[PDB]
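Okay, here we've got a single chain as structure tokens, the form deposited in one PDB entry, with questions on binding and movement later.
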């Protein structure tokens, strides 16, 4: 029972999500090996995802977390990348499909940097790239990120199967022998809602 509402490029709501995606782009340690080489996207479509079932199951979990974190949800708008976006918008985030070899264990990963989420769109480390050209830096094939409402609650700072005791999420941090950029991880699908579905291409520089 999911409905996509196509947003006009002249919508302030569109422009807000567009601005956030473009501005949160960073240079990457791997020289774009995983995500491709770019400093800007081609923003084709931004659609608002609408599902009462998935929305109600989010708000319900958000309430519980607030009561366990001094009446503060710790709600953040964050980008999500994965090969499973089409499923997520229909059946919601599902921890049961989490990759156990992840750096912070079997969780659903988010980022405050759109360019980081991009790296995971065609699998872990961009996998074998786009299906058509088998190219991680493909400027041709259309990509999809989710821009999600995420309840982080009491987030454990680090650098596993569920959140540490007393906590509701993990915030990964830049270590000289570790991460360059921030990660955010939940171990429960109901703690995130995919509010916006963004269709885009990475754009060739020069």
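Between two forms, the rigid core is the largest collection of C-alphas that superpose within 1.5 Å. Numbering follows the first chain given and starts at 1.
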{"query": "Unresolved deposited residues lying between neighbours residue 159 and residue 160", "finding": "4 to 9"}
{"query": "Mean temperature factor over C-alpha atoms, higher-scoring stretch between 17-25 and 194-202", "finding": "17-25"}
{"query": "Of 6-14 and 181-189, the one with larger mean CA B-factor", "finding": "6-14"}
{"query": "Per the PDB entry, maximal CA B factor within 144, 175, 39, 47", "finding": "175"}
{"query": "From 73, 88, 78, 98, residue of greatest CA B-factor", "finding": "98"}
{"query": "Chain thirds of CA B-factor: placement of residue 153", "finding": "lowest"}
{"query": "Record-listed C-alpha B factor of residue 83: chain third", "finding": "lowest"}
{"query": "Ranked C-alpha temperature factor of residue 63 among modelled chain residues, by third", "finding": "middle"}
{"query": "Third of the chain, ranked by Cα B-factor, where residue 57 sits", "finding": "highest"}
{"query": "Third assignment of residue 108 from its chain's C-alpha B-factors", "finding": "lowest"}
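Note that the form deposited in another entry isn't included here; everything after this is about it.
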{"property": "Answer among 43, 179, 50, 141 for the CA shift between this form and the one not shown that reaches 2 Å or more, rigid core superposed", "result": "179"}
{"property": "Note on residue 189-residue 178 C-alpha separation in the other entry, which departs from the shown form by 3 angstroms or more", "result": "farther"}
{"property": "Shift in CA distance, residue 114 and residue 177, in the other entry relative to the form shown here, given it is 3 Å or more", "result": "closer"}
